[PDB]
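# Overview (structure and organization)
In case you want the letters, here they are:
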Protein chains: 2
Amino acid sequence: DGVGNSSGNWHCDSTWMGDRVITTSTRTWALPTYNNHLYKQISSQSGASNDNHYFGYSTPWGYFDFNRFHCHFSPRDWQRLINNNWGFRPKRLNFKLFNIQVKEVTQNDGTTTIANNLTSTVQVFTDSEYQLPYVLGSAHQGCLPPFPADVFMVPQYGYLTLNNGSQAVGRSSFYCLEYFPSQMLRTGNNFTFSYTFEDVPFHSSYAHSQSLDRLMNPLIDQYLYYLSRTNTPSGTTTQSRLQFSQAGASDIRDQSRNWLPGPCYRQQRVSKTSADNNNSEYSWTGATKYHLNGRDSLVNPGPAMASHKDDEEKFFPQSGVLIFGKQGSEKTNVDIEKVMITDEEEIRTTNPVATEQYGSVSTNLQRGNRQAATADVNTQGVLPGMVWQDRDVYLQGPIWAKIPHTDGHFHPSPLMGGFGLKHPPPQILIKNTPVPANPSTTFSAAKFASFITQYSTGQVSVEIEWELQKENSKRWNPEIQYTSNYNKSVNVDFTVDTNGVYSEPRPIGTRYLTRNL
Amino acid sequence: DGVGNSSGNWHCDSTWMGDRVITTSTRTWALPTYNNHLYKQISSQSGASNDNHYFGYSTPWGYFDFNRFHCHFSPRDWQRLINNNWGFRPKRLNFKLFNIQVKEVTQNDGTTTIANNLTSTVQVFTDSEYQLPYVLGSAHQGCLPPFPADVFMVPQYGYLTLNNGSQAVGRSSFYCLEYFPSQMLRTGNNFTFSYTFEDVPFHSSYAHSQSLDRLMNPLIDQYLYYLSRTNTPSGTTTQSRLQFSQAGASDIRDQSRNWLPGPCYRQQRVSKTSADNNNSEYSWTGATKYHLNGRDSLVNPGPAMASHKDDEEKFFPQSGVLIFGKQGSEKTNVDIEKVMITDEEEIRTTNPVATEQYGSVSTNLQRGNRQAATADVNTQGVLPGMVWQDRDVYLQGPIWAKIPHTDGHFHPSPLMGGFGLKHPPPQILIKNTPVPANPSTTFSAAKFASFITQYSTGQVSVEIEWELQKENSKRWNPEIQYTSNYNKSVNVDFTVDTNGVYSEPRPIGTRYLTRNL
């Protein structure tokens, strides 16, 4: 209402009550004019490799992105969550846009001037029928910034469709976003909508205190037998004789078991110590990849697998983990001290190590003159009796992904981590309404190319309720907790420096508490 | 209300429910000051030919024009309409103007500055009594642009009255539009009105799968007789003897029939291949024309006739079809690759080909010493028993025309195509209210010639409900559908390019489905 009344108030806090936590984040955003109000066909450059070809469209619209956990949880909030809860999941969200300001920019005479345009509008619509290509869930920049005092730029919306090389095909779709209905907002108007999450499984924010190969009573023998010797000493040599034993603690690898470890898709191993790696360019040639319509894509991060085995923390899968950048890290070819490499070590209780074989299978039929032969299994699809953990989530990491619209999707938990949703939180798209500049006094049928330079700013609030599954642990000894480091330092972790720059010093997962298998 | 509240929201979409479809289009418009607020007498230049003389008036007003199908239907919407429906017609419309902004322009010191004038008005009125000359329905530029992201200039209103040469006559009428009541709108005011279409016949969006000369059972003979031989061999010569046959499939051209093809007004034939045409200037001398009060007018497109016969797709009538320009085509003397020539081939089942004779009639009375003589019929008025199809409509083409206010009008379907309406959607005229600049401090009776430079912009919505007649076809074999081309291409049809320019690559008619006669 009017011009002198704010359309909303600042809400940032977390409310912990019972099995629920509610997070609220308010930020200040700025929206420019994109593409000078045009839709543009875009494509890969002429010299691009086949694996890098694309075709699509850039739009004049922007969109809002709060699909990272930091956007909602403070570092102290994240600690409170991960130290006390076995699981959590999102329930509902609220979204608000308010305190909208449109401003005119006159760059005349090399001097910039900025004035309020109290009459201009912004257009906002939710894609609640999921009729546009969903580009959230691709881990793009442009989120609400983790620190509440920071002002962020709204990212530009674009999408890809079917390409053959740099060219489109008959099935390529083009979308005009102005062909949707949208709200027009003038200074003093606000925008709200609500969303309910579908029923989704809790994220498992625990590690297992048991391993899948150690589930039996070590004090008692099995009543089942296994083949323990295939020959026996006969005089001066051996002869073929099959012999059988019941497995106890002494031969614990040989016990009959009910379950199998999860599936595998083997990754190459790289060392954080530089001298242990081969002196060669293998970042692509040695990469784990999939092949789709004659194209190779890197499998990154791929299926959830343990980063390393015991005492090998310096090793990680080539493209098998999420890697976050440190504050101020650049885009291209940075050193390893500039990035933060997550560790999925916790899931090695049930999941194969990413850089090892799944196991060994028999390849032949032995006999008197043929010895038994085995082969390493480097790729293992799911088997009946397999169990596994999903990838962990991080404070820096994504929250949800849209499950692709397909006939079949096995265990549709997104591989970068988080909650797979058939109807995710809808895309919220926004743009400044074009305001034409001074027209000619003689009619012209050509479209207007001359506009008044404008941008918008405002406040955005996002409120998410999360359902908690509290830890109820009967173990006697104390557990592992996330804690801040104990010593003195120049800067405090998760703080601003003397220049006002907020930084996140390390990745924080969720799995600190333990449970039995 | 106020200054900080938008007076409306953006509505673009199509709603298909039952036998109805509702289209909504929102666009952004800009309105300049025309004629520096004056009415001006206008006329043809002194050296103009008699056929080109005119007299009339240009006004300071603008008007809104949504009389093209693209203004309402998206290309995908048009496909959905034409592939599934035997007919459609308009039922009612809604029109909105909202988010009005008046702006002052100061061009002082060679520097332009643009500021909001929150106090100035625009004037808007509908001519709902049809008391002004109706210039819609003359296929003028200035429509709402087909692509929703484009901003368009409001065209200037003008009209013609009776002329003798470049001079007026006693019966010439002058109209002051400010002699009508109109709404005055300030920033925060909006304008709405509703309109109901009269009962109008459905457009036939089908082609016929039968021809008017092939309607009989080919297996059975007729019981009627025709004169099949007028002489018979007699000795060494012939003698006059009248003989009669019943017509079957073997002589199917001779069968007695109930109906005649539609009327004709013959056009000259031109080839799309350049070498087949005469090397001469015949675009006017060879043109089909009518003569009104000593003036010649080109007949364009004229009566609905088939563009060509079988296997002659390269031929078209000289002025007998609608010709649309390709994106970026110019005004004067463009090549044939710059224009799109429609094809009315579908109606050759019932309508004469535009470039052929209607038929042959007898011209004399034969006898022993006089042979029978016939003549080609190059112009045929309507006869009892004639049937015909009207011209097709196009996505680029016009929708309605105003039926002229006359004593008699046979089959008042407009010749450029679409719906003839005795009370068409009324003209919506708009202009900026003049705001005088700084006056003298001594009184002067002279009229003000000095004003503040202003223009206006806003949003316009148009919503039309269409009644559908669904295809209910019992044929066994599959039909013809409009489809997008199958192959790869640089650009997609009906899309923007890399520079943001929307284009319409071809004309699309309505007649893909078939029906029996």
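As recorded in the PDB header, cryo-EM is the method behind this entry, and the stated resolution is 2.43 Å.

### A closer look at the overall build of chain A
Secondary structure assignment for chain A yields one helix and 34 strands. Taken along the three principal axes of its C-alpha coordinates, chain A extends 115 × 55 × 45 Å. In chain A, 74% of the contacts between residues at least 6 apart in sequence involve partners at least 24 apart. Accessible surface, chain A: about 27700 Å² in total, of which carbon and sulfur atoms supply 48%.

### Some points on the environment of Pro414(B)
Residues and elements named next belong to chain B. Tracing the sequence through the fold places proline 414 in the loop between β30 (400-402) and β31 (419-421). In this structure, the C-alpha to C-alpha distance between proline 414 and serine 228, residues 186 residues apart in sequence, is 43 Å. Ignoring any residue separated from it by four or fewer positions in sequence, one finds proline 414 in contact with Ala401, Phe419 and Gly420.

### Observations concerning the pattern of salt bridges
Note on pairing: side chains with opposite charge can pair once their charged atoms come close. Residues and elements named next belong to chain A. Per the stated rule, a full pass over the model turns up 36 salt bridges over all chains. Where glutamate 465 meets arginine 92, a salt bridge forms, and the shortest distance between an N and an O atom there is 2.7 Å. Of the two residues, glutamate 465 is situated in strand β33 (residues 454-470) and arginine 92 in strand β5 (residues 85-106); the sequence distance between them amounts to 373 residues. According to the relative accessible area criterion, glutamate 465 is buried, its value standing at 11%.

### Looking at the environment of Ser503(B)
The topology assignment puts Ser503(B) in the loop between β33 (454-470) and β34 (513-515). As for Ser503(B) and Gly359(B), which are separated by 144 residues in sequence, their C-alpha atoms are 42 Å apart.

### Some points on the relation of the copies chain B and chain A
Least-squares fitting of chain B to chain A yields an RMSD of 0.0 Å, with the transformation described by 0.0 Å of translation along the axis and a rotation of 72°. Taken together, the rotation angle and the small translation identify this as a five-fold axis. Relative to the rotation axis, the closest C-alpha in chain B is found at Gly2(B), a distance of 5.3 Å. Of the residues that chain B buries at the interface, just 6% are likewise interface residues in chain A, meaning the two copies contact each other through different surfaces.

### Section: the interface of chain B and chain A
With 66 residues of chain B at the contact, the number on the chain A side is 54 residues. Of the roughly 4600 Å² buried between chain B and chain A on both sides combined, carbon and sulfur atoms contribute 56%. On the chain B side of the interface with chain A, the three residues burying the most area are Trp10(B), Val151(B) and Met153(B), jointly 14% of the side's total. Applying the counting criterion to the chain B and chain A interface returns two salt bridges. Notably, a salt bridge pairs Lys103(B) with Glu104(A), separated by 3.9 Å at the nearest N-O pair. At the boundary of chain B with chain A, the tally comes to 21 residue pairs in polar contact. Every element with two or more residues in the side of chain B that touches chain A is listed here: β1 (13-17), β2 (20-31), β5 (85-106), β6 (113-116), β8 (151-153) and β33 of chain B. Per element, the largest residue contribution to the side of chain B that touches chain A is six residues, and it comes from β5(B).

### Examining unusual backbone geometry
Cis geometry marks the peptide bond from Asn300(A) to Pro301(A); its omega dihedral reads -5°. Along the chain, the position of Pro301(A) falls in the loop between β22 (295-298) and β23 (315-317). Positive phi values are uncommon outside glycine, yet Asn36(B) reaches one of about 50°. With respect to the secondary-structure elements, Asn36(B) resides in the loop between β2 and β3 (40-43). Its identity is not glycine, yet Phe494(B) carries a phi of approximately 65°, on the positive side. Mapped onto the secondary structure, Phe494(B) falls in the loop between β33 and β34.

### Considering the packing of aromatic side chains
Scanning the entire structure with this criterion turns up 66 aromatic pairs over all chains. Relative to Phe73(A), the ring of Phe69(A) lies with its centre 6.4 Å away and its plane at 45°, an arrangement referred to as tilted. Assessed through its relative accessible area of 0%, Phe69(A) is described here as buried. Overall, the relative accessible area of 2% leaves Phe73(A) in the buried class. Between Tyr195(B) and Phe197(B), the ring centres sit 4.7 Å apart and the planes meet at 85°, which makes this aromatic pair edge-to-face. A single burial state applies to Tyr195(B) and to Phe197(B), both of which are buried. Pairwise contacts between aromatic rings join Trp29(A), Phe64(A), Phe66(A), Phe95(A), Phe152(A), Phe191(A), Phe193(A), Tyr195(A), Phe197(A) and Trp400(A) into one cluster. The side chain of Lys289(A) reaches across the aromatic face of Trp284(A), ending 4.2 Å from its centre. It is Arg515(A) that lies over the ring of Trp86(A); its NZ or CZ is 4.0 Å from the centre.

### Thoughts on the nonpolar core
Ranked by size, the top nonpolar core spans 136 residues in total, and within it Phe95(A) and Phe95(B) carry the most contacts. If we skip the residues at most four places from it in the chain, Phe95(A) touches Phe64(A), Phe66(A), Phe191(A), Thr192(A), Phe193(A), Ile428(A), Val460(A), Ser461(A) and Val462(A).

### Concerning the pairing of strand β7 (residues 122-126) of chain A
All names here are of chain A. For β7, the buried fraction is high: four of the five residues fall into the buried class. As judged from the three bridges shared by β7 and strand β12 (residues 183-185), these two strands associate in the antiparallel manner. Considered in β12, the bridge of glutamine 123 is made with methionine 184. Inspection of the sheet shows β7 paired to strand β32 (residues 428-432) by five bridges, in the antiparallel sense. Bridge assignment links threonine 126 to a residue of β32, and that residue is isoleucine 428.

### Considerations on the side chain of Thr288(B)
Take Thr288(B): it is sitting in the loop between β20 (269-271) and β21 (289-292). A relative accessible area of 9% places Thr288(B) in the buried class.

### Some details on a nonpolar patch on the surface
All names here are of chain A. A contiguous nonpolar surface patch, about 440 Å² in accessible area, is contributed by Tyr225, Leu227, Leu242 and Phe244. Sorting the residues of the nonpolar patch by element identifies β16 (225-234) and β17 (237-246) as the ones contributing at least two each. With respect to the helices and strands, the residue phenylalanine 244 is situated in strand β17.

### Quick notes on the pairing of strand β4 (residues 55-64) of chain B
Residue and element names in this part refer to chain B. Counting buried positions along β4 gives ten out of ten residues, so the element sits mostly inside the fold. Bridge analysis of β3 against β4 gives four bridges, and the strand direction is antiparallel. Bridging across to β4, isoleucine 42 finds its partner in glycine 56. In the sheet, β4 pairs with strand β9 (residues 156-161) via five bridges, with the strands oriented antiparallel. Looking at the pairing, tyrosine 57 lines up with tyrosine 159 of β9. As judged from the three bridges shared by β4 and strand β32 (residues 428-432), these two strands associate in the antiparallel manner. Along β32, the bridge assignment pairs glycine 62 with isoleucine 430.

### Notes on the environment of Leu97(B)
As for its position among the elements, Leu97(B) is in strand β5. Residues contacting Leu97(B), with those up to four places away along its chain left out, are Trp29(B), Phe64(B), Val124(B), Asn190(B), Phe191(B), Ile430(B), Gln459(B) and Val460(B).

### Thoughts on the side chain of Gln123(B)
The residue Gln123(B) is located in strand β7 (residues 122-126) in this model. Aside from chain neighbours lying at most four places away, what touches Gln123(B) is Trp61(B), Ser182(B), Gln183(B), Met184(B), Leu429(B), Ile430(B), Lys431(B) and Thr433(B).

### Let's talk about the state of the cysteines
Put plainly, a disulfide is one covalent bond tying together the sulfur atoms of two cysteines. Throughout the structure, instances matching the rule amount to zero disulfides over all chains. For the unlinked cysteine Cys143(A), the closest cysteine sulfur is that of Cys71(A), found at 4.4 Å.

Conventions and cut-offs
Residues numbered from 1 in each chain as written, not as in the entry; some residues may be left out. Chains lettered and ligands numbered in written order. Part of a larger assembly, values for the part shown. Heavy atoms only, no water. Helix = DSSP H or I, 4+ residues; strand = E, 2+ residues; numbered from the N terminus. Contact = heavy atoms within 4.5 Å. Areas by Shrake-Rupley, 256 points an atom, 1.4 Å probe, with all protein chains shown as cover. Salt bridge = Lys/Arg side-chain N within 4 Å of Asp/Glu carboxyl O. Buried < 20%, exposed > 50% of the residue type's maximum accessible area, 1.4 Å probe, protein only. Least-squares fit on C-alpha atoms. Buried area = accessible area lost by both parts, 1.4 Å probe. Polar contact = N/O pair within 3.5 Å; in protein donor to acceptor, adjacent residues only side chain to side chain. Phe/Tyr/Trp six-rings, centres within 6.5 Å; stacked < 30°, edge-to-face > 60°. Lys NZ or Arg CZ within 6 Å of the ring centre and 35° of its normal. Core = buried A, V, L, I, M, F, W, Y, C linked by side-chain atoms within 4.5 Å. Pairing = 2+ DSSP bridges. Patch = residues over 30% accessible without salt bridge, like charges linked within 9 Å, V, L, I, M, F, W, Y side chains within 5 Å. Disulfide = S-S within 2.5 Å.

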